[PDB]
Structures are given as structure tokens and as C-alpha cells.
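Given as C-alpha cells, the chain that follows is alone and in the form deposited in one PDB entry.
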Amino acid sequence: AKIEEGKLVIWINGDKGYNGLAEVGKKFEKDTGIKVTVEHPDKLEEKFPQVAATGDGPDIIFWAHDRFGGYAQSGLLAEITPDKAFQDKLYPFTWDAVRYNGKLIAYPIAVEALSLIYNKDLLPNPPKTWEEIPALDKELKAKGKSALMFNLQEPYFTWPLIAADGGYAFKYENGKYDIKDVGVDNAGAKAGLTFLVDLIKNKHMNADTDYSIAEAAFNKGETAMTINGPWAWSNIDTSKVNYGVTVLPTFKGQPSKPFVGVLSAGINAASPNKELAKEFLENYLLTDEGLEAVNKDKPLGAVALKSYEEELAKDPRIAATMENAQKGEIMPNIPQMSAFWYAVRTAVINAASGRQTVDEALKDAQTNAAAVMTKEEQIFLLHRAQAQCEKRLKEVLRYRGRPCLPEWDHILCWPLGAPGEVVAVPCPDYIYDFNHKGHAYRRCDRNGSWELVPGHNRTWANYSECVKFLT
């Protein structure tokens, strides 16, 4: 189905409760005469920006919140206008997840985090550490079984291990994310990916394992453990495997750190049905009955709606989900997230198959997750700081009573210097490549002259703190 005035088309991932969502859509049609169609196209999160402009998107797209800053940036999402009374019904932190440049750009639905799912009959006591898995697998392989299978094709599933002992996406520097500070190739990220790679090398896992292979393997009792989200529980219910949902194993003593997603629903900017979409989301879906219809099909996790979450919180599987979430981090929603995920996807696939070493693979991912101010731009910014410096010199211009004079040195404007003192200036904001927490230094001599380099006519200046992160 394609967009038409007076109908709704909804896209949601094929792993979620699309049948349940379809039932909410039919209730809406029964009440209003408005047809609601639910589809689950493959790679819908990649398809959406490619086809919205051409007229082939849906009215409403469901995805975790991390993709939505990119869509908003690209002008593909309508700002949503829920009143304060409606906002009060959902948890504050869920609204935060769907805020982009101070505007709400999606309705939050549910909070998702990966957990360790294990087969109680094969594994009464699941491992508390990643390190004990190899010996557990050797033991299980002897009984014609394996310890663990999970999706290796999507970095979302391997991220909790990469992040456990120090990998991170973007550094959160109070207020906001620093896109120049990526934590994909530090020591902890290498340690975590190396462990994954060694499991494969030692034949405790197969580099080609994907979602459906891991799910079939667990749901047929072939493997003792899997790693998956709440949506996976109803297929395990159908399978009648005796399963539990628990905290992810630790790596090097540190909790596994899942990236936590808020399943959200955005409205297509190209839709002529924005009001109908709002009405369906607020009055049909985001109700106890609406969410229960979906949850009954495939579990949502911990829902944004407080009234229904209060009932779901009682489920020990939801408790485990929340414990794992609490140990993880809510994903950024910034436009850069898709570049990050593509880079980490490539790294893990490449390292797992031996195409690259862990070192080669993560170095490249760092380069790509962080890959713009031009030189021409930078030159203008310097010219601006220079003019600002000259305007400053206009107005400005016994023992240790004569200061060094302010000057421009082609990078920084130096202020008045007290004679005999070191003068510190913050590494300037307008230099993109600088370390902005650092200082540059000059020395003002006792006579009020800036200190010169011995054997030369140049002024002594130390910019080593500024260029700290340029190797």
C-alpha cells in the first residue's frame, strides 16, 4: 500500500508485533472508517529516507529512536504536537529519547534492551561471565549441543560485549555528544571484540550466525543460550522450551552494556494524514488496550505508557530487561548514528570472518564513525577571531609594573600579560581540530616583553595541549 489521503500505512520491523498492531488498525477502521495498513518491509530503516521523497514511504514509521535524528535532519518527520496532559502519561526519559533540537519528532512506545535468554533444562545455572563460556561450550559440545548462538550480523547484539570494558559510541560531554570523540577503537573495545573473535577461532561460535539461525537453534533446544530482546519471547513460548531471561554475562568483571532503544513512531512529513496519524497513535495505540494488543503478539519490553508499564513491571522477564537496560546506555539519536552503526557492522563482520584483524577492523571503524568544516571555512573563522582581536587592541593600545601587550599570533589573541608571569589562554573554540579543554601558554618577562625563543627572534609559545589529539 502507498500513501493516499484518508488512509494510514504503517511500517514496523518484521521482528515486532505487526499482527497486533494490525488489530489496533482494524479497531480504528471500525470506529472511524479510516483504513490502516501495517507492513514490515525489509531494511525499512534504510528504505524510509530513500523513498519518502518519491512518494513511496508510509504515513507512520516505527523504529528505535536512534534513527530518528537523521530523519528529522533530512526533513522527513513532522513535529508532533501532543499536549502536556498526553505527555504526562508517558515517562519523561522516553520523551527525551525522541527530542531533536528541542522538538519532539516521534511518539515513544517501548524501552528495549537485550538480555541473556537461557534454556533451564540444559543450563540450570547460566554463566555469570563471558570468560566461562568456552569451557561451558566444550562441555555442551560433548552432549551434542552448544553454549551460545546469537546474531553476529548486526552490531546491536555484539555491542554489549564491546562496550563492557570501555568501548563507547560518542562521548557525552555534559549537555551533548562530541562527534570527534569516538570510543570504537580504545583498549576496552579491542578486548571485547577480540574475545568474540577468539570464541569463533576456538569454534565456540560461527562467524555466519544470523538472527534466524540463532533463533531456530535456541527454539529447537540445540543451544543453551541466546541473546535477544523481548520481541523474541513469544516464539520461545510457542516452542515450549523451558527458558529464563537474566542479566547478560560480565566481561573482565564489568557488566555487559547494551545500547538501549526506545521503539518510537514518527510521522512522515510527506503525509497528507498527519492529524489522523496523531489521532491513531495517541487514542488507539498508546492506550492500555492498544499496547496490550501489540504486546500479546510480540512483547514490547517496558512500555512508555505508565499505566500499562505498572502491570508489565511485575513480569520477571521485564525486570531482567530493566536490569540490563540500567547497566547499558540509551542510544544517542544524533544524525551520526547510522554512520556509527555501519562502521561497527563492517568491523565485527570483518574481524569475525578474519578479513581484518581486530586492530585493523576497529581503526577503520573509528575513521568512519568520525567521518564537514572546510579549510576555506576555517580560514574565515580565523579572520573573524583576528578582526575581533584588532578591535580589542584598538581600545587597549616600577618593578614589574609594565605588562606585556596583547597581540595576534595568527591563531590566538593574547591578552595583557602580567610581568614575570605565565599567561594561559584556552585552546580557541574556532579552531575545529583543537583540544578545547586545553590551554596554550606564553611567558611574559619581568620587563613586560613576551619571552623569545633563545637563538631566534620568535615569541615563545606552547600549543602542545591544543594539538593533543593530532597524534
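In this text, residue numbers run from 1 along the sequence as written. Superpose the two forms; the largest set of C-alphas matching within 1.5 Å is the rigid core.
Here the subject shifts to the form deposited in another entry, a form of this protein not shown in this document.
| request: Report the residue, chosen from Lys47, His40, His439, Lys35, for which the CA moves 2 Å or more between this form and the one not shown after the rigid core is overlaid. | output: It is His439.
| request: With both forms fitted on the core, give yes or no for whether the Cα of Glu23 moves by 2 angstroms or more between this form and the one not shown. | output: No.
| message | My question is whether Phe380 is one of the residues whose C-alpha shifts by 2 Å or more between this form and the one not shown, given a fit on the rigid core. | response | Passes the 2 Å threshold, so yes.
| field | Threshold 2 Å Cα movement between this form and the one not shown for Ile61, core superposed | value | False for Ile61: its C-alpha shift is below 2 Å.
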